[PDB]
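Offset between the sequence shown (1-based) and PDB author numbering: plus 6.
Notes follow the structure.
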Amino acid sequence: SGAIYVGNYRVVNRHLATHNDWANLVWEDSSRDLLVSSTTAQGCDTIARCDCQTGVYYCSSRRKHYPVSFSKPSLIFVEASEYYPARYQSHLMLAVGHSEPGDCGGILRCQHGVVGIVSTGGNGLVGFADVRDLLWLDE
Ligand SMILES: Cc1ccccc1CC(=O)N1C[C@H]2C[C@@](C(N)=O)(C1)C2
Ligand SMILES: [Zn+2]
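Here's what the structure looks like:
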């Protein structure tokens, strides 16, 4: 679990979105596993606008933050689940690191701010849904 609060927006993993998220929907994309809903309160976070390939993410299954090198946002195959059929997930970045179901929503940050959120994992890898291209979150 976990979310990004920026201005009047909440960014969450689409497969974890609540009834309230869907009732206040701004945008969603199943191919990215992202959903953005509106909020009444002003957010707590800032978004990075960069091409960093290093950062630190929060791993709830270990109650720890870990530094990672991660790949560029790309199209990567993801196996079927109670949430999605087998498909290519876009804007996904992989890193060598620990992750388990329940870790989705953990924030990845670089020196410039929020980069993305944990969205995939397994076999010593962790995948992050990128949010740096969503320039409209700022305005
Ligand atoms: C995070 C993790 C780590 C180790 C094992 C399993 C997992 C869970 C995982 O990969 N997904 C669960 C939901 C979100 C997901 C997607 N993006 O399509 C992928 C369906
Ligand atoms: Zn950066």
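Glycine included, C-beta positions come from ideal geometry on N, C-alpha and C.
Whole-Å CB distance - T45 paired with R16, under 8 Å assumed: 5 Å
Below 6 Å, is the gap between the Cβ of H118 and the nearest heavy atom of ligand 2? yes
With hydrogens ignored, establish whether the beta-carbon of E106 is closer than 6 Å to any heavy atom of ligand 1. yes
Between which two residues does the beta strand (DSSP E) carrying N26 extend? Run containing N26: none in the beta strand (DSSP E); it sits in the alpha helix (DSSP H), 25–29.
Cβ-heavy atom distance between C56 and ligand 2 below 6 Å? A heavy atom of ligand 2 is found nearer than 6 Å to the CB of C56.
Which whole runs of the beta strand (DSSP E) in the region 70–96 are 3 residues long or more, in chain order? 70–75, 80–84
Quick one: does the C-beta of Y72 sit closer than 6 Å to a heavy atom of ligand 1? No, the beta carbon of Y72 sits no closer than 6 Å to any heavy atom of ligand 1.
How many Å lie between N30 and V74 at the Cα? 34 Å
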